[PDB]
Every structure is written in structure tokens, then in C-alpha cells.
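**Student:** Structure below; questions to follow.
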Amino acid sequence: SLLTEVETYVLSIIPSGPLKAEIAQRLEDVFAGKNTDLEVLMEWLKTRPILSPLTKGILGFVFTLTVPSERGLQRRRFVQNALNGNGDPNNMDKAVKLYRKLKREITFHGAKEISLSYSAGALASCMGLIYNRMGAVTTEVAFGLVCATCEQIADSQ
Amino acid sequence: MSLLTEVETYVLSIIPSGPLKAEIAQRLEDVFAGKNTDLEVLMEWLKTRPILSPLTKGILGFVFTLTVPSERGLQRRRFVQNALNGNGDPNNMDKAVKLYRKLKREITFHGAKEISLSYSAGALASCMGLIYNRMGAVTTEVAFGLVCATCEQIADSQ
């Protein structure tokens, strides 16, 4: 399935161990529609020791996209800080060019494919644009972007 | 002088004349004078204000968070993020990123305001959202020049 494919890309980013196990399970529960209190989920994520801030941002982004019940939770500073991109305009320029292209995609594969022509840095900031409501895209395309950025990160490790 | 009073005239210029414009001005003046106000309370008030356009509310939202003494760890507001997103348009965003680059090199309110006025309102609003959302950073006085150029452009449209 798609959600399973997303989970595999998402997990490739997490170092092996007990925490990776928990996240997988939370991912599966949210994907199966069992888990749903976003605020509780995001706070758990925020407080995880050892997890890279950037992996915290990616999972935070994934949870808010998949959870049905976002309710009225304001976007999280921890995720924003993790995905924003440091303030480099050159990197932001690339994130915007990617967004321009993703705006035309409607499939997971097409979305994932153009995202592969961008660096892990432009990709994370593009995720930030979307998480910040600066740009908007369909959940399937958002999924493709997420997977390309996870692959890039994991591939670099 | 008072840079802040200059900021205030620009900010006030986009609000329709009336009692609300009185409440808003009183608030600016107070935070400007240093009375630490509960930004959470201020933002809810703005958010729920009738007559004000969502754009106007986003600009004020941005101004208040920027000028309030303490943000008290408040999350960014959805009403502001939505108001300052340049309609999620890639060309607006493209120009906003270009403006941002130039603003990083500015150090004064007027230099910032002058370069900002050469950009369209959509691009200016998007740039403000970019700063609001911390996707970029500039000095305070340069940020004031950006929001003031925006107010000037919007006011002139009326």
C-alpha cells in the first residue's frame, strides 16, 4: 500500500533501536486511523531524546498530514525550526522552484520524482513552505515530497 | 523621530476610520511605549474583529508579535500565516525570496522600505509571511520597512 510505502521511507531516516520501534507503531496506528490526538502525539515527538531535530520535523509534518483530527492545533515551533532551512535565500529559492513544480503534480510518483532533482536542504525547506501554509499541495504529492526528502537524508547517512 | 510612531502611521493608514481604528491605535501606542501586553489576548481580539480584512488582520498580527515585549512562547497564528502567504503563488514567493535577499543587506528602515516598494503587494505579503514564519530573518527596523512598504502599497490601492 501507499501508507506502507511512506512508512518504509520514513523509517529509513530513524536509527535502529527501541525508539524506532515506537514510532513505527505510532505511524501504523495513525495510518490505521486508531491514533488521533495530534497534540499528544506532537508533544511525545518533541520530547524524544536522541531523535534528530530534522527527523522530528519530518515525523511531525507526517503526523499532521495523516492524523484526521488536527482539530485546532496551531502548527508547532519545533517542526518549523526543523524544516525552515536556516535563512539562506539561495536554498529558499530552490524550495520555491520545487514548489512551483509540485503545484502541478497530482500523483505520489510524479511528486516524488521531481523532488529527486533537489537537494535534501531544498527539500526540507519546501516541506517547511507547506507546513507554514506558505504553499499548498495535495496529501499524495506531500507524501511524495516527504519520501524523496527521507530517501535523500537516509542515502546520505 | 520615534521610528515606532512612523511605523504607526503606515499601519493605521490601511484601517478604516472609526472606533476600531481608535482601539487599534491605542494598542499600538501602548505596546510601543513598552507596556507588555498578553499577545495571546491581543491576537484573539484581532482575529475576532469584524470589518477588518483578513489581509489587514495579518499585517497587524505580524506587527504586534514583532513589537510586543514578550511573545510568551506563543505558536504562530493560522490566521496570520494564511493572510501572509501570497495566495501560495510561486511567482509571489519567488519575488519575496528575491526581496528577502536584498533586505538581508539593508540596515535602515528607509532603505528597506524603498527597496520593498519596488515589489508587488502579493510578493510583499509573501515576504512578510516568510519572515513571520521564520523561514528567513532580517533586523527589526528592516522588517518595519517591509511591513510599511506593504501598508503603503495597500493604502494606495484604496
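We did not get these values from a lab; they are worked out from the coordinates using the rules stated. Here the Cβ is made from the backbone with ideal geometry for all residues, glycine too, and neighbour counts use every protein chain on show.
**Student:** I'd like the trypsin sites (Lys or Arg not before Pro) in the range B:11-84 restricted to DSSP loop residues with at most 15 other Cβ atoms within 10 Å, sorted by number.
**Tutor:** When the trypsin sites (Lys or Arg not before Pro) of the range B:11-84 are filtered for loop state and at most 15 Cβ neighbours within 10 Å, B:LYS35, B:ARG72 remain.
**Student:** When the helices in chain A are scored as -39500 (n - 2.57) per DSSP H run of 4 or longer and the sum is shared across all residues, what 222 nm value do you end up with, to the nearest 500 deg cm²/dmol? Working shown, then result.
**Tutor:** On the way: 9 runs with 106 residues, N = 157.
Helix-only estimate at 222 nm: -21000 deg cm²/dmol.
**Student:** DSSP loop chymotrypsin sites (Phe, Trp or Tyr not before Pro) in the range B:1-61 with at most 12 other Cβ atoms within 10 Å of their Cβ, which ones?
**Tutor:** Details: sites: B:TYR10, B:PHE32, B:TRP45; in loops: none.
Nothing satisfies the criteria.
**Student:** May I ask you to evaluate 6.51 cos²θ - 1.76 cosθ + 1.60, the Karplus curve with θ = phi - 60°, for each residue of the range B:2-18 and list the ³J(HN,Hα) values in order in whole Hz, giving x for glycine and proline?
**Tutor:** 6, 5, 4, 6, 5, 3, 4, 5, 5, 5, 5, 4, 9, 8, x, 4, x
**Student:** Let me ask another. Provide the net charge surrounding B:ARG78, with neighbours chosen by a C-beta distance below 11 Å and charges set as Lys +1, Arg +1, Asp -1, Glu -1. Write down the numbers at each step before the final one.
**Tutor:** Details: positive: A:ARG75, A:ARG133, B:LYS47, B:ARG76, B:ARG77; negative: A:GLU70.
In short, +4.
**Student:** With axes computed from alpha carbons, what is the tilt in degrees of helix B:121-132 against the longest principal axis of chain B, rounded to the nearest 10 within 0 to 90?
**Tutor:** 70 degrees
**Student:** Under a cut-off of 12 Å between alpha-carbon atoms, report the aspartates and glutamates in cross-link reach of A:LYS56, not counting same-chain residues fewer than 8 places apart.
**Tutor:** A:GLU43
**Student:** If the limit is 24 Å between Cα atoms, which of A:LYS103/B:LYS113; A:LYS97/B:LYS98; B:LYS21/B:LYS57; A:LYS97/B:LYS104; A:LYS112/B:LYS104 go over it? It would help to have the intermediate numbers written out before the result.
**Tutor:** On the way: A:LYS103/B:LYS113 31 Å; A:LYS97/B:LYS98 13 Å; B:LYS21/B:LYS57 12 Å; A:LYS97/B:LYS104 21 Å; A:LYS112/B:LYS104 33 Å.
The answer is A:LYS103/B:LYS113; A:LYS112/B:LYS104.
**Student:** Further question on the same structure: Across bins of 10 angstrom width beginning at 0, how are the C-alpha pair distances of the protein assembly as shown distributed, in whole percent?
**Tutor:** Spelled out bin by bin, the protein assembly as shown gives 6, 26, 32, 22, 11, 3, 0 percent.
**Student:** Still on this structure, I have one more. Can you give the angle from 0 to 90° between the axis of helix B:90-104 and the longest principal axis of chain B, with both taken from C-alpha atoms, to the nearest 10?
**Tutor:** Its long axis makes an angle of about 80 degrees.
**Student:** How far is the Cα center of the range B:7-77 from the Cα center of the range A:53-104, in Å?
**Tutor:** Comparing the Cα centres of the range B:7-77 and the range A:53-104, I get a distance of 27 Å.
**Student:** Now for a different question. When chain B is modelled as a GNM with alpha-carbon springs shorter than 10 Å, which of B:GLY111, B:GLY145, B:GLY86 fluctuates the most?
**Tutor:** Of B:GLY111, B:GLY145, B:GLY86, the most mobile in the Gaussian network model is B:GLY111.
**Student:** Still on this structure: Loop-only GluC sites (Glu not before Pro) in the range A:1-81, please: DSSP not H, G, I, E or B, and at most 16 other Cβ atoms within 10 Å.
**Tutor:** Values: sites: A:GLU5, A:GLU7, A:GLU22, A:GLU28, A:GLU39, A:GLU43, A:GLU70; in loops: A:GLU70.
Answer in residue order: A:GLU70.
**Student:** Long-range amide H contacts for B:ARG134: which residues qualify at under 5 Å (H placed 1.01 Å from N, peptide plane, sequence gap of 5 or more or a different chain)?
**Tutor:** Amide H to amide H, under 5 Å and 5 or more residues apart or across chains, B:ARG134 pairs with nothing.
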